[PDB]
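For neighbour counting, all protein chains shown are included, and Cβ atoms are generated from backbone atoms with ideal geometry for every residue, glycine included. Derivation of every value follows stated rules applied to the coordinates shown; laboratory data play no part.
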Amino acid sequence: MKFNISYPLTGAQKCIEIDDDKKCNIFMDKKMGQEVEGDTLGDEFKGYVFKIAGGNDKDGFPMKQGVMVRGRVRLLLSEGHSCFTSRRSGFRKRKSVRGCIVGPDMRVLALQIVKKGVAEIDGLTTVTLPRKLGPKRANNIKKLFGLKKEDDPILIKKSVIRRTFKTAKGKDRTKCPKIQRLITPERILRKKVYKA
Amino acid sequence: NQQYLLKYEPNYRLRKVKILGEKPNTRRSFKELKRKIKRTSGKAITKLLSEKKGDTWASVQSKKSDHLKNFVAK
Amino acid sequence: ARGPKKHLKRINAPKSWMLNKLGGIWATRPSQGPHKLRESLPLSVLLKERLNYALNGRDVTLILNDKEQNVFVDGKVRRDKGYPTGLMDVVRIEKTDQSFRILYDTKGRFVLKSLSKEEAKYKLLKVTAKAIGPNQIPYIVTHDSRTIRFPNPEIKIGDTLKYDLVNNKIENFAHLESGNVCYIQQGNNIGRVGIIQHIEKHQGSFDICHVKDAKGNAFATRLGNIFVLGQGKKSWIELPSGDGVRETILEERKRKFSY
Amino acid sequence: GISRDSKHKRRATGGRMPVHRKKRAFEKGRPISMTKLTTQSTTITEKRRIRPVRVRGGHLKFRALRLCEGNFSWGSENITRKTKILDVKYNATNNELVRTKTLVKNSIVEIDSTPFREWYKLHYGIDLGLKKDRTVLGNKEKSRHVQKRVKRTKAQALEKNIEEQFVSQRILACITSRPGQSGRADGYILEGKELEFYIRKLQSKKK
Amino acid sequence: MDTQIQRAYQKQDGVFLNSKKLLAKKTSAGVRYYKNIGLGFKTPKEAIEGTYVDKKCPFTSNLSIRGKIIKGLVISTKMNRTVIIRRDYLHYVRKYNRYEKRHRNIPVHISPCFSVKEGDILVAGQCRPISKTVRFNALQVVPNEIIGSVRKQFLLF
RNA sequence: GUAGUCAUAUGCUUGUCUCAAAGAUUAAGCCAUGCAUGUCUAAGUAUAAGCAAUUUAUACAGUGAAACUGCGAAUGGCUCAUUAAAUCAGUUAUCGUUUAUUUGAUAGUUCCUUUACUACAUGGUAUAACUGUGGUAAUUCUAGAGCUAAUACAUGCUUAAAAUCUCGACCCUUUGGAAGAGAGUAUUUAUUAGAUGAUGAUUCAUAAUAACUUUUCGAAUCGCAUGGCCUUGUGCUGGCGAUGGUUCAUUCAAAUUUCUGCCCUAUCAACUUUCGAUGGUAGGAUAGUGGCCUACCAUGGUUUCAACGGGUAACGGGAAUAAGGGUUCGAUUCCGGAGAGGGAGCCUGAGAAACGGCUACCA
């Protein structure tokens, strides 16, 4: 059983191959998103807690929280479901998917690191992702820099964020986003106009 | 105004006075890109699009424009 | 049927458009507007085949899409390939300040009458329905799908109003009663203009009307087809093809080649 | 596709009748919606339940499945208050609808006199509680209390049947609303012509 | 007690007055729904001072009449307030240049007001569909005498 | 007899000119191979040079990548296979039914919490798209990581007091001053209008009217046009459209719907009634008319003018001239119902009996 273990907090994507049978034996007959005690991995995982994130069969078949059945069932999917894409409302489809209960038939189980232990994994703690998109809605902006409500626009205009980068073209540009929600005079003009 | 004439006349009348130029075979390839694109996710699509036989309208204009400045007389 | 039609066939498009039979296969289908399908003239027809200002199809596409605004219908701008210009309308060609009447022939073909900046002001409206609506208020409605607020009360349902487009003001109306002038919007007798004789209502569901005119011809048509072009003999607008009166195939010959 | 096309019938002369058209969607026929009452939550917790159905034009039509309170009007007085309906009796259409306390547009039922009692009291100075204490007025008779009299003297000869009703707490009324269509259940209070009559159906029904 | 119950389980009107009328204890209380389809038709005297509750009537209901108006002889009196009128017309035959006889049968609704009889000429109006067949209501009845077979009787009425 | 055959019959095969026909016709033999309804800015979403392609708006230029959108993708087009049925023709308004489309119109009564209404220097979210981490014989696959939008979710006091509606004294003459006169709608019934619109017509409206309705309503628009107003920041000024909503009719419709008409047949005589054969009725469905049904009963009634009924593979049929004649048309069916393996159920929606949406089932 291969593991796609993700670490929220940092954004650590790691993959572990666990051949021996005895370890994985704890994931058997456990439901989706349950609390994993990754000590059945005395190795690098000394005192860890995971969440069974999702499933994938030896045939690419994902899991469906809810469909509690240790096997594959075939259902009609409506929008709002997983393993189902739209394209013209009512795209209802008889798509087949893998149960919620984990079984030996499972090829890949994803995991979510809740509480790491004393142990240290390289792929996980070594990361520091510079999430690129800074706030863009007027309100979300101020929420990050402080600035109480009463704060005028012009404040937020120059209080935004910018990004510099070198292009594959050896170019150096400066980019920045618009702030839909910004209270301008135009928005103000229109409202009076309307009530006029 | 040849500057009016240039905006109104049809793209085909212009290549005729040898001002606009060629009329390359779009059909076939465009039909084939539909092929790929209709089967991809945005990621690549963009890339593909960066390969569909030229002749943008944006292109038609710049060429129309050049005949504009560079020409004057009578 | 599947849903709602959406096209129109060369062959099937009204003889009022004096259309090109060989033409193509289709024909610009009138857009849902002020006038009914059959009783209308989509702009594309109005400029291409009519005025002839346009020509090829794209010619229009320019005119009505160009950021200059070259077409006006009843003091308003229009940019729809097939706006249904209907009877008694006023169309202005911006770039030339042309003013036209949308009127039928005497042979029933849509004709374009040239107006002077004078008539271009007033347009003739026929009264559709008349009833009181919201919060004790009176409303009148015109064929031209005009909805009127607080209208003069001396107006019966089958009336005809003179409209001052410039001020969106009414003035001098005139109902249909024994002794007036009228234009017939559609029928085996359209394009005619005469004196109303009398209106015999039959209520069973269809009232009729009679008429006289120049050569004192006897005309017969259903009320719904009578449009009061005026009160007591004096017409209110200049008519196309001289006076609204058609000739025997015999009178046409004698007038033209004098046989 | 429970349709309602008149094709699956037999023309006047009972000869079978032809078909070339598959059932077409505009002949829609929605699943019936029997309507019960919660005047007995012995099981049924959720008092009233109404589900909205997407109708043709694009509108919604609320469908009454389960209820407990509707609105009713006293013909005579021109009063109308929302009250709690009690038990359904005599459905005319069929007696089974009564057996399942289902709500048909014209199902005769019972209501709480409370709102009407409360009102008849405030406007006439007559509670209608057991007969003896009949009236309840003011101490001084100089001011506005002079009206409860004027009205009360309007020989408020409310039928001997209307009277008994109040005191008993129960009130007779028929409905005037399609629950399966609008989701509500509104009715008029029974009187004269029909009252006397529908009651008879009830007297003889049980006896 | 008769016109009201008579089997059926109730019979009011379109204008739900009644019991409330006891409020206007002086003028005239006994109101019934009154109407006039017009179209050059008199409203039956009997229709007004009747106790009958026929929703399918053209004088006692919100039942309209529009367009098609008929005159035909009556065939049967059976059925509850519904009758069959038979029309007798000639049909032309292109080739032989002559005619043949033909008869259409019509389902007609009869408000209690006018009194039927078999074999009389009747006048029907075009009212909305009232049932599978019905689509015509009686508006004016003329009594007529035919000594026997109604079928034999064939008149280009 | 006659030959010819102006009989073919096919049977032999040759400049320049075109109004120019060719697997409906068999089986309504299907998807080889070829192939395939998506989309745009005044306009709603793009990086303070990691869509980024410039270029230096510069607090949001274009410029577009992508997505979000938001739209059509119920259109046709081939298909009688059915179908003797209104199919269809006329021939019905629909007081009996629904309605995008399109306009036209258009909307003061939402508090009044017992205005820290907070204060609208117009809210909240939520997300993509997006960077990425992936998986797998392999998906329109998909996993888990992060992002961010927003004309999308989800909202949301409309103050600056006493809101704003609705009398009007009164003068004070107009600026009217007006006192102090009084105070919104989808969804329900229930009454009253309605004497003082309308119909033949109404229980019609459009009135109200209360109630009482997990019920609405109601531009957290964007676009240029920001120069006039006063203030001097101000207050506006919104202009104008874009972007809405509202209901009505506005065509859009359909959808009924009377009223004439398929081949023969009396060797069709009789027919039709368990729930419909009828009436009539309760309801319920129906979106909404209808026995359409739930009942409930009426016995109905159809019919030699042949009705019951039978039999005709039946899919199925617009122009105009014209003494006379001349001629001719629309164009291989104007018209116009029923198929898109079988079955089922479901799908979109203004709007499908959705063919070419599903599913799931069968094959």
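Looking across region C:192-245, the residues that are within 14 Å of the chain's Cα centre (by Cα) and within 16 Å of RNA strand F (Cβ to nearest atom) come down to C:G224, C:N225. Determine if region B:23-32 includes at least one residue that is in a loop (DSSP other than H, G, I, E, B), more than 16 Å from RNA strand F (Cβ to nearest atom) and within 14 Å of chain C (Cβ to nearest Cβ). Within region B:23-32 (the criterion being in a loop (DSSP other than H, G, I, E, B), more than 16 Å from RNA strand F (Cβ to nearest atom) and within 14 Å of chain C (Cβ to nearest Cβ)), the answer is no, since none of the residues qualifies.
Candidates are the residues of region E:105-131 that are touching a residue at least 24 places away in the same chain (Cβ under 8 Å), surrounded by fewer than 19 Cβ atoms within 10 Å (Cβ to Cβ) and near RNA strand F (Cβ under 6 Å from one of its atoms); the one that is nearest to the other protein chains (Cβ to nearest Cβ) is E:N105. The criterion of at least 3 residues that are more than 14 Å from chain E (Cβ to nearest Cβ) is met, among helices (runs of 4 or more DSSP H) falling completely within region D:128-207, by D:146-152, D:160-168, D:179-182. Here C:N20 fulfils each of the conditions (1) loosely packed, with under 15 Cβ neighbours inside 10 Å; (2) on the phi > 0 side of the Ramachandran plot apart from (2).
On the stretch given as region E:61-71, residues that are within 14 Å of chain C (Cβ to nearest Cβ) and either without any contact (Cβ under 8 Å) to a residue 40 or more places away in the chain or assigned to a loop (DSSP other than H, G, I, E, B) (or both) total 5.
When residues in region C:183-227 are screened for being hydrophobic (A, V, I, L, M, F, W, C), farther than 30 Å from E:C127 by Cβ and part of a loop (DSSP other than H, G, I, E, B), 3 of them pass.
Residues of region C:142-165 that are without any contact (Cβ under 8 Å) to a residue 24 or more places away in the chain and either part of a loop (DSSP other than H, G, I, E, B) or farther than 18 Å from C:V73 by Cα (or both): C:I148, C:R149, C:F150, C:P151, C:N152, C:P153, C:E154. May I ask you to verify whether E:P58 is touching an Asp or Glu at 6+ places or on another chain (Cβ under 8 Å) and either more than 14 Å from E:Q140 (Cα to Cα) or in a loop (DSSP other than H, G, I, E, B) (or both)? No; evaluated as a whole, the condition is false for this residue. Residue pairs whose Cβ atoms lie under 6 Å apart, separated by 6 or more positions or on different chains, with the first residue in region C:206-217 and closer than 13 Å to C:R192 by Cβ and the second within 16 Å of RNA strand F (Cβ to nearest atom) and part of a loop (DSSP other than H, G, I, E, B), are C:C209/C:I199.
With respect to being over 28 Å from D:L122 (Cβ atoms) and either within 14 Å of another protein chain (Cβ to nearest Cβ) or part of a loop (DSSP other than H, G, I, E, B) (or both), D:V98 fits the description. Checked against the criterion of being assigned to a loop (DSSP other than H, G, I, E, B) and within 14 Å of the chain's Cα centre (by Cα), the candidates B:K18, B:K74, B:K52, B:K64 yield just one match: B:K52. In the set (1) in a loop (DSSP other than H, G, I, E, B); (2) touching a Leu at 6+ places or on another chain (Cβ under 9 Å), the condition left unmet by A:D59 is number (2).
Per the listing E:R81, E:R98, E:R86, E:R102, the residue uniquely within 14 Å of another protein chain (Cβ to nearest Cβ), in contact with a strand residue (DSSP E or B) (Cβ under 9 Å, 6 or more places away or on another chain) and basic (K, R) is E:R86.
From the list D:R24, D:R54, D:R4, D:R16, pick out the single residue that is over 19 Å from D:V88 (Cα atoms), exposed (fewer than 13 other Cβ atoms within 10 Å of the Cβ) and in contact with a helix residue (DSSP H, G or I) (Cβ under 6 Å, 6 or more places away or on another chain).
When all the criteria are applied, what remains is D:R4.
Name the residue that is nearest to C:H7 (Cα to Cα), counting only residues in region C:37-79 that are away from chain B (no Cβ under 14 Å), polar (S, T, N, Q) and away from RNA strand F (no atom under 15 Å from the Cβ). Checked region C:37-79; the qualifying residue nearest to C:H7 (Cα to Cα) is C:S44.
With respect to (1) part of a helix (DSSP H, G or I); (2) over 14 Å from the mean Cα position of the chain (by Cα); (3) not aliphatic (A, V, I, L, M), the lone exception for B:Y12 is condition (2). Of all residues in region D:179-200, those being farther than 17 Å from D:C68 by Cβ, within 6 Å of RNA strand F (Cβ to nearest atom) and more than 13 Å from the chain's Cα centre (by Cα) number 1. Kindly check whether there is at least one residue in region D:145-152 that is more than 21 Å from D:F116 (Cα to Cα) and either without any contact (Cβ under 8 Å) to a residue 12 or more places away in the chain or away from RNA strand F (no atom under 16 Å from the Cβ) (or both). Scanning region D:145-152 turns up at least one residue that is more than 21 Å from D:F116 (Cα to Cα) and either without any contact (Cβ under 8 Å) to a residue 12 or more places away in the chain or away from RNA strand F (no atom under 16 Å from the Cβ) (or both). Among the residues of region E:39-50, those identified as loosely packed, with under 15 Cβ neighbours inside 10 Å and more than 11 Å from every other protein chain (Cβ to nearest Cβ) are E:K42, E:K45, E:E46, E:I48, E:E49. Residues in region D:13-46 that are more than 6 Å from RNA strand F (Cβ to nearest atom) and within 30 Å of E:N105 (Cα to Cα) were compared, and the one that is nearest to the other protein chains (Cβ to nearest Cβ) is D:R16. Among residues of region E:9-38 that are at the interface with another protein chain (Cβ under 8 Å from one of its Cβ atoms) and without any contact (Cβ under 8 Å) to a residue 12 or more places away in the chain, those with a Cβ under 6 angstrom from a residue that is not in a loop (DSSP other than H, G, I, E, B) and not charged (D, E, K, R), sequence gap 6+ or separate chain, pair up as E:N18/D:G192; E:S19/D:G192.
Name every residue in region A:178-189 that is in contact with a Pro (Cβ under 8 Å, 6 or more places away or on another chain) and either within 6 Å of RNA strand F (Cβ to nearest atom) or farther than 14 Å from A:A138 by Cβ (or both), in order of residue number.
A:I183
Residues A:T167, A:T174, A:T128: which one is loosely packed, with under 12 Cβ neighbours inside 10 Å and within 21 Å of the chain's Cα centre (by Cα)?
Just a single option satisfies the conditions, and that option is A:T128.
A search for C-beta distances below 6 Å between a residue of region D:101-121 that is within 14 Å of chain E (Cβ to nearest Cβ) and any residue that is more than 11 Å from RNA strand F (Cβ to nearest atom), counting only pairs 6+ apart in sequence or on different chains, returns D:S107/D:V88; D:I108/D:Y198. Candidates A:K192, A:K143, A:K95, A:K157: the one that is out of contact with any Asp or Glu (no Cβ under 6 Å at 6 or more places or on another chain), more than 6 Å from RNA strand F (Cβ to nearest atom) and in a helix (DSSP H, G or I) is A:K143.
Check E:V53, E:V74, E:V31 and return the single one that is surrounded by 12 or more Cβ atoms within 10 Å (Cβ to Cβ), more than 8 Å from RNA strand F (Cβ to nearest atom) and assigned to a loop (DSSP other than H, G, I, E, B). Of the residues listed, the single one that is surrounded by 12 or more Cβ atoms within 10 Å (Cβ to Cβ), more than 8 Å from RNA strand F (Cβ to nearest atom) and assigned to a loop (DSSP other than H, G, I, E, B) is E:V31.
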